[PDB]
There are 2 protein chains.
Amino acid sequence: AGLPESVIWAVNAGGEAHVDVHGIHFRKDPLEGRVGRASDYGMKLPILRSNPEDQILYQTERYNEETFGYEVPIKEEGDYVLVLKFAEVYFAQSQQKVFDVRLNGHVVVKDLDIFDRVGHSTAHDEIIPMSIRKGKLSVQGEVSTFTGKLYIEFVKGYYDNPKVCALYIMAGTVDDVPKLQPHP
Amino acid sequence: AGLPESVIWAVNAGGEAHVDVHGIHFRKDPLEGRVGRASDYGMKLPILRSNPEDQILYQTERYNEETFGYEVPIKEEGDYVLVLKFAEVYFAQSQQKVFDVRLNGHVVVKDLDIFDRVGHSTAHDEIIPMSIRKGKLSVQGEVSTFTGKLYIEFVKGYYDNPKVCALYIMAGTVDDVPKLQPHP
């Protein structure tokens, strides 16, 4: 399967439906009114490094002052890649907003500091490959029992609030994923 | 670092987010509902000497009948410049509204009289260089211990109320700061 056919699940956090330049449909946020807080504060800002037709993905977010997450049903075994999209639309110094990302309890991004990596009002993506086979989840060399659902968590620490802007899961391997341009 | 990348902290007092013609993002006021009073009285007036796309910065203010201020975290040592933006949208004579500005207790502007300097409904900026090095703040030839936070105070005297319209801090020196056009 090619790119749009290979996407099994995708969300525009804090926002409405949007189809990007690759043909990927980011669905309206299923956690609206349910957990966390939506914000459209970034809609006043141009977002560097992303395509301008798609900057609405990075201008809307879901955030919270406590740990929160999304649950994802996965129907079939296979190889998959999770892509997480972020932007820092408020701070402009390091160690102001910092948080962990976990997958079924496994820490998969430690101490994410969006400003430190890319600057202010600029796109940043994390790309995480995984496998689901023989009743097991495998990610970053760690293995545990898979029950049918994936839990993606954004963890509250001491430095401001965890957040996410958009996310998708595709069948395949890392060479299949479109990459942001080098200029960060 | 060039101009937008060099701004570490910026506020539109009494107002919402706004990006100016130089690309500087003035954030929504963090003291809303907390300290002092917001006013949009100036939104009825054209502001002279400002770019017209940016006059909303000077049409909105925070003021108070007692002393008040902003606290600013500074993460790294270096040379910096503080820029303070003002307009007098009510009085049209001298010695009607007069106030001091202090930085960590140091008086850095004595007896500011906005009307006396520029007239009615006209932009006026103060430009204050400083250094943070070896555990110390240095400003206007005076030195004191720096703990990690800067306190910017607007002081109540006998002649009406202290106020501010917008403010920002950039890494660099005074030659790097955009200047208002010459005025009588």
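A note on names: the letters A, B, ... follow the listed sequences, proteins ahead of strands, and every chain is numbered from 1.
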Any side-chain heavy-atom pair from [X] and [Y] closer than 4.5 angstrom?
X      : Y      : answer
A:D176 : A:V81  : no
B:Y159 : B:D113 : no
B:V143 : B:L137 : no
B:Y70  : B:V164 : yes
B:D40  : B:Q59  : no
B:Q96  : B:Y90  : no
A:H106 : A:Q140 : no
B:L112 : B:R117 : yes

Over all heavy atoms of both residues, which pair between [X] and [Y] is shortest? Give the atoms and the distance, please.
X      : Y      : answer
A:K44  : B:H18  : CE-CA, 4.4 Å
A:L45  : A:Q55  : O-OE1, 4.4 Å
A:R49  : A:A123 : NH1-O, 3.2 Å
B:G15  : B:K28  : O-CD, 2.7 Å
B:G14  : B:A38  : CA-CB, 4.0 Å
B:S121 : B:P46  : OG-O, 2.9 Å

Apply ring pair (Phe, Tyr, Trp, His ring centres under 6.0 Å) to A:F154 and list each qualifying residue two or more places apart in sequence or on a separate chain.
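So A:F154 forms a ring pair (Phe, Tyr, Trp, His ring centres under 6.0 Å) with A:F68.
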How long is the gap from [atom1] on [X] to [atom2] on [Y], to the nearest 0.5 Å?
X      : Y      : atom1 : atom2 : result
A:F86  : A:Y58  : CZ    : OH    : 10.0 Å
A:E71  : A:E153 : CD    : CD    : 10.0 Å
A:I127 : A:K85  : CD1   : NZ    : 8.5 Å
B:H124 : B:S50  : NE2   : OG    : 14.5 Å
A:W9   : A:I169 : CH2   : CD1   : 6.0 Å
B:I152 : B:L82  : CD1   : CG    : 5.0 Å

Can you confirm whether [X] is buried at [atom1], in the sense that more than 12 heavy atoms of other residues, nucleotides or ligands lie under 6.0 Å from that atom?
X      : atom1 : value
A:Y41  : OH    : yes
A:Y151 : OH    : yes
A:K179 : NZ    : yes
B:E32  : CD    : no
B:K110 : NZ    : no

[X] with [Y], same ILVMFWY side-chain cluster at under 4.5 Å:
X      : Y      : answer
B:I74  : B:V108 : yes
A:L3   : A:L180 : yes
B:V19  : A:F115 : no
A:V109 : A:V139 : yes
A:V35  : A:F99  : yes

For B:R37 and B:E65: C-alpha separation, side-chain torsions, deciding distance, then whether side-chain contact (heavy atoms from CB on, under 4.5 Å) applies.
CA-CA 9 Å; B:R37 306 178 187 279; B:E65 313 77 2; 3.0 Å; yes
Got a donor-acceptor contact below 3.5 angstrom from the B:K97 side chain to the B:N161 backbone?
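Yes; at least one donor-acceptor contact below 3.5 Å.
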B:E66 side-chain N/O to B:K156 backbone N/O, donor-acceptor pair under 3.5 Å:
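Side chain of B:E66 to backbone of B:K156, a donor-acceptor pair under 3.5 Å: no, none is there.
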A:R62 and A:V11: side-chain contact (heavy atoms from CB on, under 4.5 Å), yes or no, with the steps?
CA-CA 11 Å; A:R62 185 160 296 279; A:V11 168; over 6 Å; no
Determine whether A:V107 and A:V101 satisfy the following criterion, side-chain contact (heavy atoms from CB on, under 4.5 Å), listing intermediate values before the conclusion.
CA-CA 6 Å; A:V107 175; A:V101 180; over 6 Å; no
Apply side-chain contact (heavy atoms from CB on, under 4.5 Å) to A:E88 and A:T122, showing your working.
CA-CA 7 Å; A:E88 177 58 73; A:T122 304; over 6 Å; no
Check whether the side chains of A:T60 and A:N12 place a donor and an acceptor atom closer than 3.5 Å, and report yes or no.
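The criterion, which ignores hydrogens and geometry beyond distance, is satisfied for A:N12 and A:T60.
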Give a yes-or-no answer on whether the side chains of B:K136 and B:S144 include a donor-acceptor pair shorter than 3.5 Å.
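There is no such pair (donor and acceptor under 3.5 Å, judged by atom type) between the side chains of B:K136 and B:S144.
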Salt bridge or not for A:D79 and A:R133, using N-O below 4.0 Å?
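Salt bridge: yes.
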Set of side-chain hydrogen bond (donor to acceptor under 3.5 Å, both in side chains) partners for A:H22, sequence neighbours left out
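In terms of side-chain hydrogen bond (donor to acceptor under 3.5 Å, both in side chains), with neighbours along the sequence ignored, A:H22 is linked to no residue.
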How are the rings of B:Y168 and B:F26 set to each other: parallel, tilted or perpendicular (split at 30° and 60°)?
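Taking B:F26 first and then B:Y168, their aromatic rings stand perpendicular (interplane angle over 60°).
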